[PDB]
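Worksheet: the structure to be examined is printed underneath.
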Amino acid sequence: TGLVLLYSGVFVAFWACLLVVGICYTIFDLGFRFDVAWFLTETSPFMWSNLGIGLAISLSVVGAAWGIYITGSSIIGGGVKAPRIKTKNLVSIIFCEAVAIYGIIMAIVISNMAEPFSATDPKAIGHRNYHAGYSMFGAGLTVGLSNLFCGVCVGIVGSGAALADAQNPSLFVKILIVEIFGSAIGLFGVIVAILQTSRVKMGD
Amino acid sequence: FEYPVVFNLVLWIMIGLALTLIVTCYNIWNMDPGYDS
Amino acid sequence: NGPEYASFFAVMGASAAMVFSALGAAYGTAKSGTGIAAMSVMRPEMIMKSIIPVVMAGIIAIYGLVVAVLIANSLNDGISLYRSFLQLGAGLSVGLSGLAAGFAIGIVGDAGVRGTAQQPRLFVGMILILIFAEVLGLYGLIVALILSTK
Amino acid sequence: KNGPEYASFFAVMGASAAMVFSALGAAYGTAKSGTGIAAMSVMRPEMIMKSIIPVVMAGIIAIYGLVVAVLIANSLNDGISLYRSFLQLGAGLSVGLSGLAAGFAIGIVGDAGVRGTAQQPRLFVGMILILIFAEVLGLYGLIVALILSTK
Amino acid sequence: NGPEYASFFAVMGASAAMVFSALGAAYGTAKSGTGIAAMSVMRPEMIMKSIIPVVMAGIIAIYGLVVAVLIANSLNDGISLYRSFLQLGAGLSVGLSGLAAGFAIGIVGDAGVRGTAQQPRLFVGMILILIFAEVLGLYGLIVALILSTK
Amino acid sequence: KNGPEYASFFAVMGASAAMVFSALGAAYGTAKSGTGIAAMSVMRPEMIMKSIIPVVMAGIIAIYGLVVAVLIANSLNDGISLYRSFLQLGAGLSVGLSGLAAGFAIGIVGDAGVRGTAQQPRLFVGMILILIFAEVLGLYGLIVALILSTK
Amino acid sequence: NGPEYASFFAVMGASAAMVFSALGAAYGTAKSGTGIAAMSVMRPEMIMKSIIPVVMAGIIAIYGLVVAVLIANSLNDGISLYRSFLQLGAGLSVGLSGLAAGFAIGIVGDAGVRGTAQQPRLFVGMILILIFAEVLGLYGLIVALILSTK
Amino acid sequence: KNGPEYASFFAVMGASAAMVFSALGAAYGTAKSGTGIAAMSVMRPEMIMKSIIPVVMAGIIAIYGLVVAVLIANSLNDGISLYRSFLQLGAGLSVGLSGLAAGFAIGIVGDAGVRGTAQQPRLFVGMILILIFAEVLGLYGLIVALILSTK
Amino acid sequence: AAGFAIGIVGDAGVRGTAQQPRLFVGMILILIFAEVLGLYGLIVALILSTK
Amino acid sequence: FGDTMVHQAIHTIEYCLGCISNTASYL
Amino acid sequence: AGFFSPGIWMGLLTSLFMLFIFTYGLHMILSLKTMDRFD
Amino acid sequence: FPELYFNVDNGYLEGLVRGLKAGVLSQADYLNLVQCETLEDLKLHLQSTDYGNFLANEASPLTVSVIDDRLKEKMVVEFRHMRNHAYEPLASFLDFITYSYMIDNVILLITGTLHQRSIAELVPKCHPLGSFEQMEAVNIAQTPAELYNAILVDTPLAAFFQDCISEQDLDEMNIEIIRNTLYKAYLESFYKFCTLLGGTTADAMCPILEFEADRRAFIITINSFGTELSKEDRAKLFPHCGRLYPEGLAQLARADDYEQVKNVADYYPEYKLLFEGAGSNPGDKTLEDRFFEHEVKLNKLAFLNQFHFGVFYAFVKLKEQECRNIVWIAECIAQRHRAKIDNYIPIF
Ligand SMILES: CCCCCCCC/C=C\CCCCCCCC(=O)O
């Protein structure tokens with residue numbers, strides 16, 4: 001591994017020096033200088049929100065595109081000898097196309113709740129308004145990464161169902177049950193995404 | 001007063017320049033010659 | 001009440017309860033469902049009996065969903081910092097242990113349905129290991145409920 | 001009415017990420033499937049103009065990011081609000097990372113597809129349909145970028 | 001009383017006691033679970049006797065579950081900083097030693113049940129090494145308990 | 001009106017990154033395809049001046065970065081606003097990294113194309129059509145770098 | 001009395017004395033435990049004679065256990081920062097030396113058990129090398145003692 | 001008028017990186033192509049004075065870095081403006097890393113060019129032509145380094 | 001950088017010098033261009049140190 | 001006239017920038 | 001004095017996030033290696 | 001983790017090699033070939049399977065030898081199609097499979113070289129999978145194998161010839177020993193390479209290479225009883241590759257008897273129950289008719305693993321079982337000797 005040795009070197013050297021920087025803030029007196037309050041409060045509630053709106057659609061279609069080429073290479077690979085696959089097994093493509101639909105539906109839902117304000121002070125920007133920033137961030141992560149992971153899930157089982165169908169045509173209906181359980185993880189993300197932002201209201 | 005600026009102008013350049021320096025120096029440190037002849 | 005930045009960690013507790021348990025449920029269904037389509041060519045008889053390792057990983061997702069609904073409904077504006085750390089430590093306890101239960105179901109469930117296709121005596125032993133692999137996620141559930149409800 | 005002095009940073013970074021990440025995916029779609037053209041061209045030289053449709057659909061991915069990069073660059077102004085510029089950063093990631101992923105999926109399926117078409121031409125009406133599904137992912141990131149930037 | 005962020009380390013103790021024991025017990029169940037399927041194709045008699053690596057790895061998870069519950073019931077708003085580091089240090093203690101015991105059970109459990117398929121005389125020795133790998137989690141338990149009562 | 005003292009950093013970083021990343025793209029287009037020319041030449045040496053089209057199409061990627069780097073360096077003044085330098089930083093990254101991507105796609109299609117052309121001369125009409133599509137990725141990055149450098 | 005953050009480093013001394021020694025004892029058990037199964041296919045007589053290297057790694061675990069309890073009994077609310085640093089260095093000195101000693105035991109325990117399966121004359125020499133691998137943790141123990149007494 | 005006390009750090013890093021990275025590019029251009037000389041010359045000793053053109057084209061890349069390292073080292077003064085020092089830093093990266101790219105490109109196509117020249121000398125009139133287009137990447141970085149150090 | 005160039009060319013050049021003595025005129029000619037990288041680094045280190 | 005322009009241009013510039021590197025190598 | 005005051009600390013958290021995207025897109029591009037032979 | 005990649009480069013070639021698996025003749029297909037009475041009728045019965053119309057242009061008298069090479073030329077152009085499309089996690093892997101045929105072609109090439117004959121031996125009498133149609137210096141070598149060994153290092157078997165002194169192959173070592181020492185160093189180099197590849201192609205392939213080394217361990221120490229090769233010779237002919245390495249290879253070096261290789265096979269329960277071939281019984285499956293069925297059993301389990309390179313090496317070893325079975329069917333039919341026609345290996 002050559003390129004992995006860079007990321008394994010950056011991740012070690014970054015933390016390693018966090019540790020020495022972590023035992024030198026406490027050891028003098030300088031823990032007052034750390035201020036996770038000043039990090040979460042001073043910066044913006046637009047940065048957390050608009051990243052989560054961006055991460056909702058983009059990370060979902062990352063796993064949606066990921067799920068296609070795992071089984072789409074399996075469609076054309078097994079389809080050379082057995083061309084009867086191509087029409088029956090496109091439902092595995094749609095099962096990793098629904099996870100992009102769950103992304104873009106939640107993306108236009110989360111984008112509608114963002115509204116500009118005028119305040120610039122952490123006390124003037126109230127805790128109703130900073131919670132509006134963090135909830136759009138966490139909703140974007142729980143619909144972005146969840147549709148990513150279930151995008152790989154229905155793609156991997158979709159690739160295996162594409163290859164058993166080349167051997168025996170009577171098998172694909174039974175293996176299609178597994179992709180239903182794999183696609184249920186995508187709907188589980190959209191449930192939490194609309195529950196984290198049900199009570200929220202951004203604006204002033 | 002410009003301490004946030006000057007600290008990162010040195011830091012992200014220097015570890016951005018040293019990361020280029022180790023990646024290059026690696027690639028040339030081993031380069032797979034045709035050494036039999 | 002609580003400070004403005006307090007609501008951040010409870011949202012991360014609601015997210016990481018669902019994100020990491022999604023990664024467990026994804027690996028538990030993909031790695032095991034790879035083995036289902038593989039064994040089905042030589043023995044299509046267990047093609048409906050061996051769908052139970054992919055549903056043991058499905059309960060790992062619903063372990064993460066229950067604590068997600070618990071935290072996202074108990075979340076409110078101006079919660080204390082003590083309550084938000086409890087919900088942050090709740091979601092890390094269930095999602096990252098469901099990640100462990102997701103990996104343990106997938107590795108065993110893939111290997112179990114290969115040995116069951118080679119010898120059907122393993123099926124009474126395979127479901128016993130999948131019990132032990134799933135209760136890793138169940139222990140993460142009951143520690144999340146004892147942390148968030150304080 | 002006036003914002004901070006650093007407010008315009010996130011919008012132009014959304015103008016850059018809309019074009020860079022779309023062209024990174026369109027380069028993967030052109031190079032990986034273009035490698036598959038030379039492998040099939042030796043034995044079956046009839047399908048050469050037929051099989052440019054993976055690298056053409058990868059070219060649509062680049063103009064997906066080009067549209068949003070122009071739309072953000074025309075909405076730029078000195079002293080813009082912090083709300084408006086962060087909208088175009090989220091618009092840049094929405095069309096950038098979408099085109100990067102959809103540019104990958106056009107590349108792998110297009111590389112495997114033109115090698116499968118050259119051995120059986122029945123796959124050519126199915127390979128184009130899989131690429132059709134992979135292309136809408138770029139359009140999925142497109143129309144959410146149109147909502148965010150014009151907001 | 002103490003500062004408000006003191007409870008962050010305590011719930012990090014209750015979290016890391018669970019997941020690091022669970023990540024260890026997942027490695028004990030998964031790595032030995034592949035050893036069950038590889039041997040049972042040839043020797044179908046030793047499937048119910050051979051599940052003892054996945055059960056002894058399951059005791060690692062209940063080692064973490066005890067300390068995770070004991071810390072979570074000892075939680076209070078406004079705990080002192082000294083009390084919070086005790087539960088944080090107890091959480092990493094039962095967790096990472098249970099994580100190490102989770103690796104050791106999975107390795108000798110995998111290689112052990114491959115050996116018992118080739119010779120049944122190894123079955124008395126396999127439980128002897130598996131005990132010695134299991135007490136490492138027990139050593140972490142008694143020091144996590146001595147930190148939590150304080 | 002007068003910008004801060006550090007405002008000139010981002011604009012000159014736009015000038016350097018427009019030239020560095022476009023040269024790193026044009027280097028990969030020359031190096032990866034130039035290995036394909038030498039493997040082609042030992043069997044079919046008639047098509048050598050015919051086959052230097054992938055090495056000159058990578059050359060247009062280099063002059064794409066050179067044009068905007070002068071367009072950025074002609075706009076440099078001391079005491080420029082922080083908004084104006086952020087435009088030229090986003091102008092330089094959007095042409096160099098897009099030129100980096102277009103330099104990669106020319107390097108792979110130019111390598112695989114001229115090797116297959118020595119075994120099938122029908123590929124060259126198909127090869128140069130993919131190389132057109134791979135080269136406009138730099139041109140897409142060019143017109144967004146220009147539209148960020150006028151304002 | 002000392003500062004409030006002082007007791008964090010002392011309980012970090014209690015944790016790192018345990019979890020690093022347990023990580024060492026897990027490596028000595030696992031790497032040598034595969035050697036027992038590889039020996040047992042041909043020479044089942046030297047099974048009980050070969051439990052010694054996983055026993056010698058077991059003493060490494062209780063080496064970190066006695067100093068972890070020694071630190072945890074010397075804990076108090078508001079100890080001095082000088083005293084808490086002494087227990088932190090006492091914890092890292094026995095764990096990381098126990099991790100090295102457990103690494104040394106598992107390597108020669110693997111090759112020595114495989115080596116004595118072909119020739120029984122190595123067994124007197126193998127247990128001599130394991131003595132030198134054990135005293136590395138014993139040297140780290142006695143400096144952890146004199147750092148904890150002050 | 002008088003700049004800050006830390007101002008000369010960035011322009012010095014432009015003087016060093018213009019020489020360090022250009023010599024690193026000329027290192028790869030000499031070493032990778034010099035391997036191809038000793039591998040070719042065991043069977044064709046006649047072409048050993050004609051084949052040293054890829055190692056002298058890499059030598060020009062070092063003089064491309066040597067010139068601007070002198071140009072930056074003569075604009076240096078105690079208390080230069082922070083605008084001027086960012087110019088010399090952005091000048092140095094745009095010639096060093098571009099010369100690093102041009103030197104990496106010369107080394108690859110110079111090595112592969114002299115391998116195929118041992119099997120057919122008709123590649124020799126084409127090998128120099130690709131070596132020209134690899135060498136102008138350093139010249140493109142040079143002429144933008146001069147326009148940044150002019151101001 | 002210069003030590004990398006003399007290292008590689010000095011490695012492969014003396015491999016071909018044994019099998020053919022005609023390379024010795026060409027091998028030391030490449031080592032001229034390999035060494036001047038350190039020499040060019042000298043005169044910029046000199047011109048920076050006079051100020 | 002064709003080849004004497006390009007080939008003798010190598011002899012000029014390798015003397016011309018070579019003389020600076022020849023001068024510097026006497027250090 | 002402020003090692004990170006909020007604005008650089010927003011621009012760094014934006015850039016070092018999308019640098020994880022760029023090095024991911026580059027790592028996929030750096031491995032699309034061509035074939036050895038043709039038929 | 002090693003499974004969500006490997007469809008980037010090798011996704012098309014996994015479905016392609018599994019599509020070729022479905023054309024391997026099943027038990028029902030083998031029953032139709034047994035009931036034939038003439039090789040002309042066997043040609044019409046093979047038209048129902050994937051093979052169809054492959055013997056259309058040969059002749060009116062259909063000899064069994066033209067059925068043999070036409071069967072083996074079909075699997076070559078199936079394999080040569082796959083090696084042209086593997087980029088480089090798999091192209092070097094597919095090159096490792098052809099080294100087993102490159103060894104058998106090299107030793108076939110050095111024998112006529114010692115007896116002063118050249119290229120006319122090479123083209124008609126070499127295996128097309130490991131062939132010499134490139135590196136043209138090896139074809140123009142008519143020198144007596146000392147100026148040709150310096151050419152032989154220009155060939156990807158050069159890494160295996162580091163235990164091969166050039167003078168030692170010049171009639172100082174026996175010609176069969178120079179095969180099994182080459183196949184020894186080929187096996188550890190192929191075992192090490194499949195260990196560098198991680199994940200699914202490490203536990204789906206090294207179980208096959210463990211038994212292949214122990215086929216090489218057992219058959220050497222049984223067929224080296226009457227012949228004057230020392231025990232130190234067959235000890236260095238054992239591949240250090242498999243289950244018998246630290247213990248069993250020492251006991252096979254001391255055997256001197258068929259009964260002593262049997263009791264050291266009873267230590268391994270998988271390698272016992274294979275030594276019941278029992279040729280003392282007049283008509284029964286012999287020891288190597290039981291080693292073949294255990295070989296194709298491990299290749300059949302390779303297809304149960306999904307995301308791995310071992311599907312390719314198993315496919316060649318099962319398509320080779322087809323060309324062994326159909327020839328054995330056709331040689332029992334042409335000789336009209338179908339009393340042992342059931343002794344084939346029914347893979348699928
Ligand atoms: C101030 C910015 C400083 C950082 C600049 C970042 C630009 C670095 C660009 C990449 C240089 C990498 C050179 C590695 C050559 C790869 C070898 C090869 O491809 O064969």
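Simple scheme: letters A, B, ... for chains in structure tokens order, numbers from 1 for residues in each chain, numbers from 1 for ligands in the order shown.
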Test item: residues lying within 9 Å of ligand 1 with only C-alpha atoms and all ligand atoms, as a PyMOL selection string: (chain B and resi 9+12-28+31) or (chain F and resi 13+16-17+20-21+24+28) or (chain H and resi 89-90+93+97-98+100-101+104-105+108) or (chain K and resi 30)
Could you please tell me, as number ranges by chain, which residues of chain I have an atom within 7 Å of chain B when using only C-alpha atoms? I: 4, 12, 15-16
What residues in chain F lie within 7 Å of chain D, counting only C-alpha atoms, written as a CSV table (one decimal) with N, CA and C atoms, in the first residue's frame?
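To be explicit, this is the file written out as result-v8.csv:
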chain,number,residue,atom,x,y,z
F,82,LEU,N,-10.9,41.8,0.1
F,82,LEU,CA,-10.9,40.4,0.3
F,82,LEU,C,-11.8,39.6,-0.6
F,83,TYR,N,-12.9,40.3,-1.0
F,83,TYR,CA,-13.8,39.7,-2.0
F,83,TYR,C,-13.2,39.5,-3.3
F,86,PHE,N,-10.7,36.5,-3.3
F,86,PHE,CA,-11.4,35.2,-3.2
F,86,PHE,C,-12.0,34.8,-4.5
F,87,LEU,N,-12.3,35.7,-5.4
F,87,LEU,CA,-12.8,35.4,-6.8
F,87,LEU,C,-11.6,34.8,-7.5
F,90,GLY,N,-10.8,31.3,-6.3
F,90,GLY,CA,-11.7,30.3,-6.9
F,90,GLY,C,-11.6,30.2,-8.4
F,93,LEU,N,-8.4,27.7,-8.9
F,93,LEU,CA,-8.6,26.3,-8.5
F,93,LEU,C,-9.6,25.6,-9.5
F,94,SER,N,-10.5,26.4,-10.1
F,94,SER,CA,-11.5,25.8,-11.0
F,94,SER,C,-10.9,25.6,-12.4
F,97,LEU,N,-7.5,22.4,-11.3
F,97,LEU,CA,-8.0,21.1,-10.9
F,97,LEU,C,-8.9,20.5,-12.0
F,98,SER,N,-9.6,21.4,-12.8
F,98,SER,CA,-10.3,20.9,-13.9
F,98,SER,C,-9.3,20.5,-15.0
F,101,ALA,N,-7.9,17.2,-14.1
F,101,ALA,CA,-8.8,16.1,-14.4
F,101,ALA,C,-8.8,15.9,-15.9
F,102,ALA,N,-8.8,17.0,-16.7
F,102,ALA,CA,-8.8,16.8,-18.2
F,102,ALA,C,-7.4,16.3,-18.7
F,104,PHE,N,-5.7,14.1,-16.9
F,104,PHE,CA,-5.8,12.7,-16.6
F,104,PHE,C,-6.5,11.9,-17.7
F,105,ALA,N,-7.7,12.4,-18.2
F,105,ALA,CA,-8.5,11.7,-19.1
F,105,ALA,C,-7.8,11.7,-20.5
F,108,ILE,N,-5.1,8.8,-20.2
F,108,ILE,CA,-5.5,7.4,-20.3
F,108,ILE,C,-6.0,7.0,-21.6
F,109,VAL,N,-6.9,7.9,-22.2
F,109,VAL,CA,-7.4,7.6,-23.6
F,109,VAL,C,-6.3,7.7,-24.6
F,112,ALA,N,-4.3,4.3,-24.2
F,112,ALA,CA,-5.0,3.1,-24.7
F,112,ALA,C,-5.4,3.3,-26.2
F,113,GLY,N,-5.6,4.5,-26.6
F,113,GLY,CA,-6.0,4.7,-28.0
F,113,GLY,C,-4.9,4.4,-29.0
F,116,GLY,N,-4.1,0.7,-29.3
F,116,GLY,CA,-5.1,-0.1,-30.1
F,116,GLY,C,-5.1,0.3,-31.6
F,119,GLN,N,-3.1,-1.8,-33.9
F,119,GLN,CA,-3.7,-3.1,-34.3
F,119,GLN,C,-5.0,-2.9,-35.1
F,120,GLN,N,-5.6,-1.7,-35.0
F,120,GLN,CA,-6.8,-1.4,-35.8
F,120,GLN,C,-6.8,0.0,-36.2
F,122,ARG,N,-9.0,1.7,-37.7
F,122,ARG,CA,-10.3,2.3,-37.6
F,122,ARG,C,-10.6,3.0,-36.3
F,123,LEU,N,-9.7,2.7,-35.3
F,123,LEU,CA,-9.9,3.3,-34.0
F,123,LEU,C,-9.6,4.8,-33.9
F,126,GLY,N,-12.4,7.1,-34.0
F,126,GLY,CA,-13.1,7.0,-32.7
F,126,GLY,C,-12.2,7.6,-31.6
F,130,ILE,N,-13.1,10.8,-28.7
F,130,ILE,CA,-13.1,10.8,-27.2
F,130,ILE,C,-12.2,11.8,-26.7
F,133,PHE,N,-13.8,15.1,-26.3
F,133,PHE,CA,-14.7,15.2,-25.2
F,133,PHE,C,-13.9,15.3,-23.9
F,134,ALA,N,-12.7,14.7,-23.8
F,134,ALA,CA,-11.8,14.8,-22.6
F,134,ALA,C,-11.2,16.2,-22.5
F,137,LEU,N,-13.3,19.4,-20.9
F,137,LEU,CA,-13.3,19.5,-19.4
F,137,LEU,C,-12.4,20.6,-18.9
F,140,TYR,N,-14.3,23.7,-20.0
F,140,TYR,CA,-15.4,24.1,-19.1
F,140,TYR,C,-14.8,24.8,-17.8
F,141,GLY,N,-13.6,24.4,-17.4
F,141,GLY,CA,-13.0,25.0,-16.3
F,141,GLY,C,-12.4,26.4,-16.7
F,144,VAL,N,-15.3,29.2,-16.6
F,144,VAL,CA,-15.7,29.6,-15.3
F,144,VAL,C,-14.6,30.4,-14.6
F,147,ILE,N,-15.1,33.9,-16.1
F,147,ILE,CA,-16.3,34.6,-15.6
F,147,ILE,C,-16.1,35.0,-14.1
F,148,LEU,N,-15.1,34.4,-13.4
F,148,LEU,CA,-14.8,34.8,-12.1
F,148,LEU,C,-13.7,35.8,-12.0
Give me, as a PyMOL selection string, all polymer residues having an atom no more than 10 Å from residue 131 in chain C, counting only C-alpha atoms and skipping those fewer than 6 positions away in the same chain. chain C and resi 53+56+105
Put those residues in a file: C-alpha atoms, as a compact mmCIF listing (two decimals), in the first residue's frame.
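Heads up, here's the output in out_4.txt:
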# COMPACT_ATOMS: atom_id res chain seq x y z
CA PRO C 53 -29.23 -14.15 9.20
CA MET C 56 -31.05 -10.66 12.62
CA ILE C 105 -23.72 -11.22 12.11
What is the distance, in Å and to one decimal place, between CA of residue 102 in chain C and CA of residue 57 in chain C?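 Computed distance, CA of residue 102 in chain C to CA of residue 57 in chain C, equals 6.0 Å.
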List as CSV every residue of chain K that is in contact with chain D, defined as an atom at most 9 Å from one of its atoms (using only C-alpha atoms), together with the nearest atom pair and the distance in Å rounded to one decimal, sorted by chain and then rising number.
residue,atom,partner,partner_atom,distance
K:7,CA,D:6,CA,7.0
K:8,CA,D:6,CA,8.7
K:11,CA,D:10,CA,7.4
K:14,CA,D:10,CA,7.9
K:15,CA,D:13,CA,8.4
K:18,CA,D:17,CA,8.1
K:21,CA,D:97,CA,7.6
K:22,CA,D:21,CA,7.3
K:25,CA,D:24,CA,6.7
K:26,CA,D:24,CA,7.8
K:28,CA,D:28,CA,8.3
K:29,CA,D:28,CA,6.4
K:32,CA,D:32,CA,6.5
K:33,CA,D:32,CA,8.6
K:34,CA,D:35,CA,6.7
K:35,CA,D:35,CA,8.1
K:37,CA,D:39,CA,8.7
K:38,CA,D:39,CA,6.1
K:39,CA,D:42,CA,5.7
The selected residues should be written to file as a CSV table (one decimal), in the first residue's frame (atoms: N, CA and C atoms).
chain,number,residue,atom,x,y,z
K,7,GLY,N,-13.6,32.9,11.7
K,7,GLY,CA,-13.8,33.0,10.2
K,7,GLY,C,-12.9,32.2,9.5
K,8,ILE,N,-11.6,32.1,9.9
K,8,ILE,CA,-10.7,31.2,9.5
K,8,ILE,C,-11.0,29.8,9.9
K,11,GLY,N,-13.7,28.7,7.5
K,11,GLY,CA,-13.1,28.4,6.2
K,11,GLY,C,-12.2,27.2,6.2
K,14,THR,N,-14.6,24.2,6.2
K,14,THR,CA,-15.1,24.0,4.9
K,14,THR,C,-14.1,23.4,4.0
K,15,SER,N,-12.9,23.9,4.0
K,15,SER,CA,-11.9,23.5,3.0
K,15,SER,C,-11.4,22.1,3.3
K,18,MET,N,-13.9,19.4,2.2
K,18,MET,CA,-14.0,19.2,0.8
K,18,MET,C,-12.6,18.8,0.2
K,21,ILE,N,-13.1,15.2,0.1
K,21,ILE,CA,-13.8,14.8,-1.1
K,21,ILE,C,-12.8,14.8,-2.3
K,22,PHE,N,-11.9,15.8,-2.4
K,22,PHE,CA,-11.0,15.9,-3.5
K,22,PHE,C,-9.9,14.7,-3.5
K,25,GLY,N,-11.8,11.7,-4.7
K,25,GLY,CA,-11.9,11.7,-6.1
K,25,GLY,C,-10.6,11.5,-6.8
K,26,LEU,N,-9.5,11.9,-6.2
K,26,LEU,CA,-8.2,11.7,-6.9
K,26,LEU,C,-7.7,10.3,-6.7
K,28,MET,N,-9.5,7.6,-6.5
K,28,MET,CA,-10.2,6.7,-7.5
K,28,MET,C,-9.6,6.9,-8.9
K,29,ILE,N,-9.2,8.1,-9.2
K,29,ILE,CA,-8.6,8.4,-10.6
K,29,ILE,C,-7.2,7.8,-10.7
K,32,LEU,N,-7.0,3.8,-12.3
K,32,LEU,CA,-7.8,3.3,-13.4
K,32,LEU,C,-7.0,2.7,-14.5
K,33,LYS,N,-5.8,2.1,-14.1
K,33,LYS,CA,-4.7,1.7,-15.0
K,33,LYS,C,-5.2,0.9,-16.2
K,34,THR,N,-4.4,1.1,-17.3
K,34,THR,CA,-4.8,0.5,-18.6
K,34,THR,C,-4.4,-0.9,-18.7
K,35,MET,N,-4.8,-1.5,-19.8
K,35,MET,CA,-4.5,-2.9,-20.1
K,35,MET,C,-3.1,-3.1,-20.6
K,37,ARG,N,-2.2,-5.8,-23.0
K,37,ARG,CA,-2.3,-6.3,-24.4
K,37,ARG,C,-3.7,-6.2,-25.0
K,38,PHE,N,-3.7,-6.4,-26.3
K,38,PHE,CA,-5.0,-6.2,-27.0
K,38,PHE,C,-5.3,-7.5,-27.8
K,39,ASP,N,-6.6,-7.8,-27.9
K,39,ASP,CA,-7.2,-8.7,-28.9
K,39,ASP,C,-8.7,-8.5,-28.9
May I have the residues within 6 Å of residue 4 in chain K as a list in words, using only C-alpha atoms and disregarding those fewer than 2 positions away in the same chain? residues 4 of chain B; 2 and 9 of chain K
Dump as a list in words the residues of chain G that approach chain A to within 10 Å, counting only C-alpha atoms.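 In the required form, that comes to residues 3, 5, 6, 9 and 81 of chain G.
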What is the distance between CA of residue 78 in chain A and CA of residue 151 in chain A, in Å to one decimal? 21.3 Å
Grab the CA of residue 20 in chain J to CA of residue 7 in chain J distance for me, in Å with one decimal place.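 Those two atoms sit 21.2 Å apart.
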Would you please extract all alpha helix (DSSP H) residues from chain J, as assigned by DSSP on the backbone, and give them as a PyMOL selection string? chain J and resi 2-16+18-24
Neighbouring residues of range 12-17 of chain E were defined as those with any atom within 10 Å, considering only C-alpha atoms; residues of the same chain fewer than 3 positions away were excluded. Please report them as JSON, numbers by chain. {"C": [85, 86, 88, 89, 90, 91, 92, 93, 94, 96, 97, 140, 143, 144, 147], "E": [7, 8, 9, 20, 21, 22, 61, 63, 64, 65, 66, 67, 68, 69, 70, 71, 72, 73, 75, 84, 85, 86, 87, 88, 89, 90, 91, 92, 93, 94, 95, 96, 97, 98, 99, 144]}
Residue neighbourhood range 181-185 of chain L, 6 Å, only C-alpha atoms, exclusion window fewer than 6 positions, as a VMD selection string: chain L and resid 160 237 239
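What chain B places within 10 Å of chain K, counting only C-alpha atoms, is residues 1, 2, 3, 4, 5, 6, 7, 8 and 12 of chain B.
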Excluding same-chain residues fewer than 4 positions from range 106-118 of chain E, what lies within 6 Å of it counting only C-alpha atoms, as a list in words?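 Once the nearby chain positions are removed, what remains is residues 27, 28, 31, 32, 35, 39, 53, 122, 123 and 126 of chain E; 30, 33, 34 and 37 of chain G; 269 of chain L.
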